[PDB]
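J.: From the sequence below, what's the structure:
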Amino acid sequence: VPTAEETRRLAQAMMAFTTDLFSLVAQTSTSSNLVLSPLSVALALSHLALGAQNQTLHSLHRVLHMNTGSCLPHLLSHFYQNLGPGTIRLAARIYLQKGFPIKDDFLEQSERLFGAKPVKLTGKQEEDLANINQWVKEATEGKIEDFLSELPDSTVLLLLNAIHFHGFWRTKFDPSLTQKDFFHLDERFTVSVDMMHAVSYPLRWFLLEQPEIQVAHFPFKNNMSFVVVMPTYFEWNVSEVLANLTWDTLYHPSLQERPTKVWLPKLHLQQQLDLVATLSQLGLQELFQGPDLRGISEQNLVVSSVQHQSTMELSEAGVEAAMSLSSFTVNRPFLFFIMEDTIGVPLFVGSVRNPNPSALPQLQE
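T.: Residues are numbered from 1 along each chain as shown. Below you will find the coordinate block:
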C-alpha cells in the first residue's frame with residue numbers, strides 16, 4: 001500500500017506521460033482515429049524497470065515522470081491490481097530469445113507483481129507466433145485475438161502489451177433507442193453511426209469558453225469515467241486541444257448533474273502500434289541499442305520491439321435504469337479520456353474523427 005502523496009504523485013506522473021505519449025502519436029500517425037492506453041504502456045515499461053539498472057533505470061523514471069525515490073513496478077502493479085475486475089483486460093509479457101539465461105530473482109519478481117514469468121522463445125517464427133497469440137487470447141479472456149502480425153529473429157527482447165476496455169455505465173442507455181444517425185466528419189460530409197440515446201440522462205457537462213470546447217462526463221460503474229472533449233469547430237489537433245485542458249476539466253468536476261437529452265455514438269476502436277520510434281523520441285533510444293538490463297540477464301540485452309494494442313468499446317450496457325431539457329450531441333469529431341476517478345489516473349486516451357471508418361461518407365445538403 002502506497003501513501004496518499006504516493007498515489008497523488010502517480011496520478012501526476014501518469015498524466016504527464018499520457019500527455020507526452022498522446023501528443024507524439026497524434027502528430028506521427030495517419031490513422032483516422034486514435035486509441036492508446038499510456039497507463040498500460042507505463043505498466044509494460046515497469047517490467048523493464050524491474051530489471052533495469054543505472055542510467056537505463058534513471059531514463060525509465062525520467063520518461064514516466066516518476067520520482068526516483070519510488071518503485072515503478074510496485075506502484076504501477078499495485079495500482080492496476082486494485083482497479084476491480086471485469087472492465088479492463090490487460091496483457092503484458094516479456095519474451096526473450098532462446099540463448100538468454102534469466103535471473104531467478106527476476107522470474108520470481110515478475111511472478112509476484114505481474115502474475116506471470118517472462119517466456120523464452122523457441123527460435124521458430126511459426127511456433128512462437130501462435131504461442132504468443134494464444135497467451136494474449138487467454139489473458140484478455142477471449143477479447144484480443146491474433147495479436148501479431150509477424151515476428152523476426154532478429155529478436156532479442158520483445159515487450160508485448162495488449163489492453164481491452166469495455167465498461168458498464170453508472171446509468172445505462174436503452175438499446176431500443178439507438179438509431180443510425182449523422183456524424184459530421186466536417187462541414188460538408190457525414191458518416192452514419194449507431195447513435196445511443198437518452199431522453200433525460202444525468203450529465204455533468206460544461207464549456208471552456210475561449211477555446212470553444214464542450215466537456216461531458218459519463219460515469220462508469222467501477223470508479224471510472226468516460227470524458228468527452230468536443231471542440232465546437234472542426235479544424236483542431238490533439239496538441240492544441242490538450243493545451244487548453246486543466247485537471248478539474250478531467251477530474252472531479254464540482255458541477256451538479258443535470259437532466260440532459262443525450263446522443264452518444266457506439267464505438268469500437270482498435271489501434272496496434274510499435275512504440276520503438278515513439279519511445280526513442282521521448283528519451284528512451286538507449287533501450288533499443290544498448291541498455292543496462294542486468295536485472296534480467298547478466299549479458300547482454302537489447303529491446304527489439306515494443307508492441308502495444310488498445311481496444312476500446314462503447315455500448316449501451318450499464319447498471320441503473322433511473323420544461324424542455326438541453327441537448328448534448330456527440331456528432332462532431334472529439335477527444336476522449338477514460339479516467340479512474342478515485343485518484344485521477346488516465347487509463348485510456350483517444351481521438352475520434354470518424355466513428356465508422358468503413359462507411360461511405362455522404363455529402364449533405
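J.: hey, let's count contacts and neighbours off CA atoms from now on
T.: OK.
J.: Off-centre distance for the longest helix belonging to the chain?
T.: Assignment by DSSP state H gives helix 4-28 as the longest helix of the chain. Its chain's C-alpha centre and that of helix 4-28 lie 11 Å apart, by Cα atoms, centre = their mean, to the nearest Å.
J.: Spell out the residue ranges of the helices in this structure.
T.: 4-28, 38-51, 54-63, 72-81, 104-114, 125-139, 238-242, 247-250, 276-279.
J.: Among these, show me which one is buried the most.
T.: helix 38-51 (a mean of 23; mean count of other Cα atoms under 10 Å).
J.: Report the inter-axis angle for that one versus helix 72-81.
T.: Interaxial angle of helix 38-51 relative to helix 72-81 (axes from the mean of the first three to the mean of the last three Cα atoms, to 10 degrees): 140 degrees.
J.: picking that back up, out of the helices of the chain, nearest to residue 213?
T.: Between residue 213 and the helices of the chain, the tightest spacing by Cα to Cα is seen for helix 238-242, at 8.4 Å.
J.: now the helices of the chain as JSON lines including distance to residue 180?
T.: Output for the helices of the chain, formatted as JSON lines (distance: least, Cα to Cα, whole Å):
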{"stretch": "helix 4-28", "distance to residue 180": "29"}
{"stretch": "helix 38-51", "distance to residue 180": "32"}
{"stretch": "helix 54-63", "distance to residue 180": "43"}
{"stretch": "helix 72-81", "distance to residue 180": "36"}
{"stretch": "helix 104-114", "distance to residue 180": "42"}
{"stretch": "helix 125-139", "distance to residue 180": "32"}
{"stretch": "helix 238-242", "distance to residue 180": "27"}
{"stretch": "helix 247-250", "distance to residue 180": "29"}
{"stretch": "helix 276-279", "distance to residue 180": "37"}
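J.: Relative to residue 203, which of the ones you listed is closest?
T.: helix 247-250 (14.1 Å).
J.: helices or strands up against the longest helix of the chain?
T.: helix 38-51, helix 238-242, helix 276-279, strand 346-352 (3 or more Cα pairs under 8 Å, 6 or more residues apart in numbering; DSSP states H and E).
J.: quick one: residue 112 from residue 78, how far?
T.: 11 Å (Cα to Cα, to the nearest Å).
J.: Give the residues shared as contacts by the two.
T.: Residues touching both residue 112 and residue 78 by Cα atoms under 8 Å, 6 or more residues apart in numbering: none at all.
J.: Just give the nearest non-adjacent residue to residue 59, would you?
T.: Closest residue in space to residue 59, ignoring its immediate chain neighbours: residue 284 at 6.6 Å, by Cα to Cα, 6 or more residues apart in numbering.
J.: give the contact list for that neighbour.
T.: Residue 284 touches 59-60, 63, counting by Cα under 8 Å, 6+ apart.
J.: try residue 21
T.: If you count contacts by Cα under 8 Å, 6+ apart, then residue 21 has 38, 278, 282 around it.
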